[PDB]
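Chemist: Right, I'll just put the structure down here and ask away after.
Because the Cβ atoms are built from the backbone with ideal geometry, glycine has one as well, and the counts that use them run over all protein chains shown. A short reminder: the numbers here are calculations on the coordinates, not readings from a lab.
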Protein chains: 2
Amino acid sequence: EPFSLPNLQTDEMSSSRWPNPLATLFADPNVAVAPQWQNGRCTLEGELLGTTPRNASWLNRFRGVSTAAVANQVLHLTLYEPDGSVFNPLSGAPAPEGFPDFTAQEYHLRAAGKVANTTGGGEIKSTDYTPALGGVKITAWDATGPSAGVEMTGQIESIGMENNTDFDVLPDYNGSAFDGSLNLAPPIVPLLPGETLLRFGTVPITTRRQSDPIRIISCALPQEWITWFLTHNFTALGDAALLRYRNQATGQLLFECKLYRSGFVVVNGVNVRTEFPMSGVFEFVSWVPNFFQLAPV
Amino acid sequence: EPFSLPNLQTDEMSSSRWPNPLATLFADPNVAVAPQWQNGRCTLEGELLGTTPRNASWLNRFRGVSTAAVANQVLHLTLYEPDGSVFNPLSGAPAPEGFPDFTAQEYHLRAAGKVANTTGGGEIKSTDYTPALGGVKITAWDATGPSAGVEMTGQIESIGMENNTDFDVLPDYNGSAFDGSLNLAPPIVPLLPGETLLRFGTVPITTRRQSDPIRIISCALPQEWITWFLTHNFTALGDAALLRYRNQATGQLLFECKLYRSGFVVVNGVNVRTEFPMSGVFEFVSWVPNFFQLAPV
Ligand SMILES: C[C@@H]1O[C@@H](O)[C@@H](O)[C@H](O)[C@@H]1O
Ligand SMILES: C[C@@H]1O[C@@H](O)[C@@H](O)[C@H](O)[C@@H]1O
């Protein structure tokens, strides 16, 4: 069981922060504030951080129970965890596992329960996106049911998203203008100053794009790497795994990079935002210390 | 290189025919006809069958280019494959990789382009679901764009589904009842007479549930097993892998089953629809011939 990464090209993998195929691979050295994503977080030893779900397909999924019958297009849900246990809002988690970890003007959804007139679409407005409190108020809900006390399961499908930069802004999970009562995974910061976070990007469907249509949400690890770490017994024999990104078809080595053991990748010598080809495969080379300096891209 | 399966519980894995977590594990010996699913199909040696996408997150996604500007809530797309190449209708494929492989009244979707005024919702009516012909007519499309010539990407999110048995009926991909020119993965049939297909089930969101409200779509392999077969170079050393399904928490061996090398699981001795616990893990035991007789559940 020596360390390895799966043999998948970047374009054959999926985002761990929005369910969709990876579409871009890039480093942007001019980002002013480090991201503090709560999904897509996993150590190389397979320990999940933040709200990262153990089951890949619980990302952007939710379940709960109606607290009241639908009225005036409002559906209020008391939230459960994926495993159907009750989400305890006095415990300090920001949200059930897999809930969105960024700021949006609304989160559009679909949901359904065990009876027929409970399939509907709706949305959570930003001011209602307070899942740390243990429930969510869904508005613009367009089904006639459920009545009270009914299990509902659903999916967040798209967002109203005026600024692309808000994908890196944590939401006000407890509605309290941000508290240090929540258990949040720490910011993602390269351990050497010339290093830049390598971002795995995908395109979510969003509205509110009228004047700026490009939307890109980034993550630290492909979902398939998170599952790889969960299904292997890896021991980090070093601070960081030195990787090479290779076009396996043409043989061309594109760059070397460091996969830090807390679960993110960096490159060295990036002076402007730089995109990389998507048809490459990251291959493990060897274990290196944190102070190891990479060949510049 | 020795055959294995990932150490995930069934409820920690995902459907390969509808993007959602697995919710049921069951065998039904009284299903009228054998399924001929085109997604979720992969041999143990990692050969994808049917329309099964290589990238997990391509399932239920589509990409194409608008044929004309939106008018009267109609958007017609000429279809592409996931890799952005043009889908070739002469090739014999029934649809681009990842397209739905079952009959429904409507396929509800959301889509968006790189430019403003292109985020919308819509649906493909059954009579318009003829992707083998190389395009799809989306109706009830609610955005003002796109114009002609614009690349659109989207996701099928729910279906109108009056009859649950239609999940096991292939759609009329080319607009007719005649599928002889189409390269279809074969029907899934156990090789020994008392065997029953073991179905991995999830709940899709559907409308039209007034007759029968329970909706369950089944698949032959969890998506994480398909990716496992792609990322390992297994050789099939016998006709079937004998597996044991074990509750790893308690230790109770629940049943043994056969994973045939063409990519599906059977159990023996099921005489009525039988559901099984979701908290177990499948473990490889040994390679066995087609006629190896399992201990009955
Ligand atoms: C109810 C509103 O409807 C449209 O304006 C969408 O663009 C917004 O995201 C919001 O959902
Ligand atoms: C146009 C129709 O609208 C509603 O009746 C849905 O329940 C149907 O599935 C279809 O989408």
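Chemist: Does A:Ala249 qualify as being farther than 29 Å from A:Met161 by Cα, in a loop (DSSP other than H, G, I, E, B) and away from ligand 2 (no atom under 16 Å from the Cβ)? Quick ask: steps written out before the conclusion?
Modeler: On the way: farther than 29 Å from A:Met161 by Cα: yes; in a loop (DSSP other than H, G, I, E, B): yes; away from ligand 2 (no atom under 16 Å from the Cβ): yes.
So A:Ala249 passes the test.
The rows are residues; the columns are (1) within 16 Å of ligand 1 (Cβ to nearest atom); (2) touching a residue at least 40 places away in the same chain (Cβ under 8 Å); (3) assigned to a loop (DSSP other than H, G, I, E, B).
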| residue | (1), (2), (3) |
| --- | --- |
| A:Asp179 | no, no, yes |
| A:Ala185 | no, yes, yes |
| A:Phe200 | no, yes, no |
| A:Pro204 | yes, yes, yes |
| A:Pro213 | yes, no, yes |
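To keep it simple, each residue is scored yes or no on (1) in contact with a strand residue (DSSP E or B) (Cβ under 7 Å, 6 or more places away or on another chain); (2) farther than 30 Å from B:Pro213 by Cβ; (3) within 16 Å of ligand 1 (Cβ to nearest atom).
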site	(1), (2), (3)
A:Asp128	yes, no, yes
A:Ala148	yes, no, no
A:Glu157	yes, no, yes
A:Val169	no, yes, no
A:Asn174	no, yes, no
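Chemist: In the list A:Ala140, A:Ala132, A:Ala111, which residue meets the criterion of being in contact (Cβ under 8 Å) with a residue 24 or more places away in the chain and within 15 Å of ligand 1 (Cβ to nearest atom)?
Modeler: Every option except A:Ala140 fails the conditions.
Chemist: Please enumerate the residues belonging to the range A:55-94 that are crowded, with 21+ Cβ neighbours inside 10 Å and under 15 Å from A:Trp141 (Cα atoms).
Modeler: A:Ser66, A:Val70, A:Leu75, A:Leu77, listed by residue number.
Chemist: Looking at B:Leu44, B:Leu79 in this structure, which one is closer than 15 Å to B:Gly154 by Cα and of a type in the set (A, V, I, L, M)?
Modeler: None of the others qualify; the one that does is B:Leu79.
Chemist: Another one. Could you check how many residues of the range B:236-246 are part of a loop (DSSP other than H, G, I, E, B) and over 24 Å from the mean Cα position of the chain (by Cα)?
Modeler: 2
Chemist: When you go through A:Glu123, A:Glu97 one by one, which is the residue that is closer than 21 Å to A:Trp18 by Cβ, within 16 Å of ligand 1 (Cβ to nearest atom) and crowded, with 18+ Cβ neighbours inside 10 Å? Reasoning before the result, please.
Modeler: Values: A:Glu97 fails: within 16 Å of ligand 1 (Cβ to nearest atom).
So the residue among A:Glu123, A:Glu97 that is closer than 21 Å to A:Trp18 by Cβ, within 16 Å of ligand 1 (Cβ to nearest atom) and crowded, with 18+ Cβ neighbours inside 10 Å is A:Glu123.
Chemist: Just to verify a result, which residue in the range B:215-229, among those that are over 15 Å from B:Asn20 (Cβ atoms) and within 12 Å of another protein chain (Cβ to nearest Cβ), is surrounded by the fewest Cβ atoms within 10 Å (Cβ to Cβ)?
Modeler: By that ranking, first place goes to B:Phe229.
Chemist: Filter the range A:252-297 down to residues that are more than 24 Å from A:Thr43 (Cα to Cα) and either of a type in the set (S, T, N, Q) or assigned to a strand (DSSP E or B) (or both), then give me how many there are.
Modeler: 7
Chemist: Okay, next question. In this structure, is A:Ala104 touching a residue at least 40 places away in the same chain (Cβ under 8 Å) and more than 14 Å from ligand 1 (Cβ to nearest atom)?
Modeler: Details: touching a residue at least 40 places away in the same chain (Cβ under 8 Å): yes; more than 14 Å from ligand 1 (Cβ to nearest atom): no.
For A:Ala104, the condition - touching a residue at least 40 places away in the same chain (Cβ under 8 Å) and more than 14 Å from ligand 1 (Cβ to nearest atom) - is not met.
Chemist: Can you tell which of B:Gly194, B:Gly180, B:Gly201, B:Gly175 is crowded, with 17+ Cβ neighbours inside 10 Å and either of a type outside the set (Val, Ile, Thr) or within 16 Å of ligand 2 (Cβ to nearest atom) (or both)? Show your work before the answer.
Modeler: On the way: B:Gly194 fails: crowded, with 17+ Cβ neighbours inside 10 Å; B:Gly180 fails: crowded, with 17+ Cβ neighbours inside 10 Å; B:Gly175 fails: crowded, with 17+ Cβ neighbours inside 10 Å.
Only one candidate qualifies: B:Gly201.
Chemist: Then there is this: Filter the range A:108-160 down to the residues that are in a loop (DSSP other than H, G, I, E, B) and either of a type in the set (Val, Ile, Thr) or facing another protein chain (nearest Cβ under 10 Å) (or both), then identify the one that is nearest to ligand 2 (Cβ to nearest atom).
Modeler: A:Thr119
Chemist: Being of a type outside the set (A, V, I, L, M, F, W, C), within 14 Å of chain B (Cβ to nearest Cβ) and buried (at least 20 other Cβ atoms within 10 Å of the Cβ) is the filter here; which residues of the range A:12-53 pass it?
Modeler: First, pick out the residues of the range A:12-53 that are of a type outside the set (A, V, I, L, M, F, W, C): A:12, A:14-17, A:19-21, A:24, A:28-30, A:35-36, A:38-41, A:43, A:45-47, A:50-53.
After this cut, where a residue has to be within 14 Å of chain B (Cβ to nearest Cβ) as well, the list is A:12, A:14-17, A:19-21, A:24, A:40, A:46, A:52-53.
Correct list: A:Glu12, A:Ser14, A:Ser15, A:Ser16, A:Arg17, A:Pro19, A:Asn20, A:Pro21, A:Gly40, A:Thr52, A:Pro53.
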